[PDB]
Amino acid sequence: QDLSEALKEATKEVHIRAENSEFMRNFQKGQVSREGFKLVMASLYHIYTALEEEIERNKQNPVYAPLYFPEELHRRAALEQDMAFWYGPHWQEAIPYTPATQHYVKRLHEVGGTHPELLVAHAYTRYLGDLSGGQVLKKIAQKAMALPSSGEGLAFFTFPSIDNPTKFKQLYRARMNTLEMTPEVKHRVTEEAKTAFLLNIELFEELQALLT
């Protein structure tokens, strides 16, 4: 079985649970507010910064190299633009760094520095989601908060270097399937993907508590 299919099958259950977290449930209903949106986007800024720092550290490592697509996928630059939009010129000293966000970042650094063969699980969890349901979330946010079609405030959800997300997603999956795989690695990669989803659920649960 291809790694791309194994990951989808391994995370379809936790994905349903993630969609139904209180925060995401409210988001989908279009009940997302500026306060809550700023919290999630600031948290993602920290998460993608860590993820991409680890991707750079392992770009030449065969256990990840086939998935090195910084021009097309990396989100740090986009999040920096969004932070300036939502938090202003001095966003760097204004954005929050929640405990759940810190925990996620911690695991990313452990994986990138000690278990790089599992980094693909984290890239899969974040990037393939961004190219999929992330586009649905983008539309909901635009409608709920009156964000312009021009993209301001939603750079994170925009991929100017990718003509068609569906096509790129198929390419990314194909390259994922070229990674040298063994039962050992496949087993652990799918397990780490479930952990990545849980880290996201825990973040959402925390943000919801901060909002309520």
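Take the two forms, superpose them, and find the largest set of C-alpha atoms that agree within 1.5 Å; that set is the rigid core. Residue numbers here begin at 1 and follow the sequence given.
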Core-fitted, the stretch whose Cα atoms sit farther from this form in 9 other deposited structures of this protein, 131-139 versus 68-76, is 131-139
Between 143-151 and 172-180, the one drifting more in C-alpha RMS in 9 other deposited structures of this protein once the core is aligned is 143-151
Taking the deposited Cα B-factors and averaging over 119-127 and over 92-100, the higher mean is found in 92-100
Ranked by mean Cα B-factor in the entry, 168-176 and 24-32, top stretch is 24-32
From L44, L51, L154, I162, the top C-alpha temperature factor is at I162
Listed options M181, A146, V40, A65: highest C-alpha B factor recorded at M181
Chain-relative C-alpha B factor for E13 (record values, thirds): the middle
Of the three thirds of Cα B-factor ranks in this chain, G112 occupies the lowest
Among the modelled residues of its chain, the C-alpha B-factor of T158 falls in the third labelled middle
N61: CA B-factor among chain residues, third -> middle
